[PDB]
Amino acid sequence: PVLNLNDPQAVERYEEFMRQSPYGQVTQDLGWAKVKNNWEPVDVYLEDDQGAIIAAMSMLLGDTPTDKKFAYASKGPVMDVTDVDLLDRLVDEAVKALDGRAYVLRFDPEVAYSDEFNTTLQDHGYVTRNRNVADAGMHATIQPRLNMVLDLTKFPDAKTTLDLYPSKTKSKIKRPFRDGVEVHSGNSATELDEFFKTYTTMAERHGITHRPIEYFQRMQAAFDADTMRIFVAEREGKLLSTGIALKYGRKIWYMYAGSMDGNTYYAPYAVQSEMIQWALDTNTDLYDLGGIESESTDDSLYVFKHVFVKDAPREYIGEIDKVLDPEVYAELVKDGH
């Protein structure tokens, strides 16, 4: 069925499924539509024989230079996507709800790439975007397909962040604290202002693009302090570094960050240590540091994140496209050939 966003009882039942599923993702929460307020939300779900939700997909519809919309279910759907017969049923419900308005429904779930899964999806009629587009870089897909994820279940007895690391890394993490860096955290306008200062400073330093403050304000309005937390590192009253982490489903996800110009005393490592500590304190399975471009010392994202993730990066299946208007799909999407 399609979710009626104006029925609070239905919305709460959908949210309860999303928040309690092991496949839950913050980008599939209905609060994500409030963040992405320039996109149109369309949400669908399936029920078991007793009427309980068993699978859900939160879609956001965006504009294109054509008459068609782009339908996108970020890190969805919320279910076991390797159960492809059930995936087909949910995708069929989503297609009914789109009512021919979109040229594609794209979803990019956090499931490992494998040849067997890629082949099954193609056998079921989907177009996949992964290793065939890898040569285009990190931004070949909307979200990074290679991600540095710390599996904390490998350390069931860890009490503090340092318990996860070899001595050489313990030293790297201890250094900012020894040098007077202190970290606080919260989800108020005060911490958001501190974040935004460091985030805009980082973006200007790298010549890259950056989101307006209202984006993060909508996120702070949508998610409470048990879900969204801004960590702020200072040394003797000087603001040094920040980061935003979101706790949802089985992971705490380091999403945005920045540092001020000048000497920062390794403050980003202190931010990471506290974000990891939040994961340990809440018994969360995964700490996700997010995307890299390649598993190489030439990639500075990998170098930094490899300090905290010694295992191999997780490589996901990438973008799964249910093609709805093939003429528009061919005009707007390249297949990597």
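Sequential numbering from 1, following the sequence displayed. Rigid core here is just the name for the largest C-alpha set that superposes within 1.5 Å across the two forms.
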In 6 other deposited structures of this protein, rigid core aligned: more displaced of 208-216 and 104-112 by C-alpha RMS: 208-216
RMS Cα shift after core superposition in 6 other deposited structures of this protein, winner of 243-251 and 136-144: 136-144
Segment of higher mean CA temperature factor, 103-111 or 151-159: 151-159
Residue range whose averaged C-alpha B-factor is higher in the record, 78-86 or 133-141: 133-141
Maximum C-alpha temperature factor, selected from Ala267, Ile252, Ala203, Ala94: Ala203
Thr66 - which third its CA temperature factor falls in, relative to the rest of the chain: middle
Position of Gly51 among the chain's modelled residues by C-alpha B-factor, lowest, middle or highest third: highest
B-factor third for the C-alpha atom of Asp29 within its chain: lowest
Within-chain third of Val35 by Cα B-factor, per the entry: lowest
Chain-relative CA temperature factor third for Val333: highest
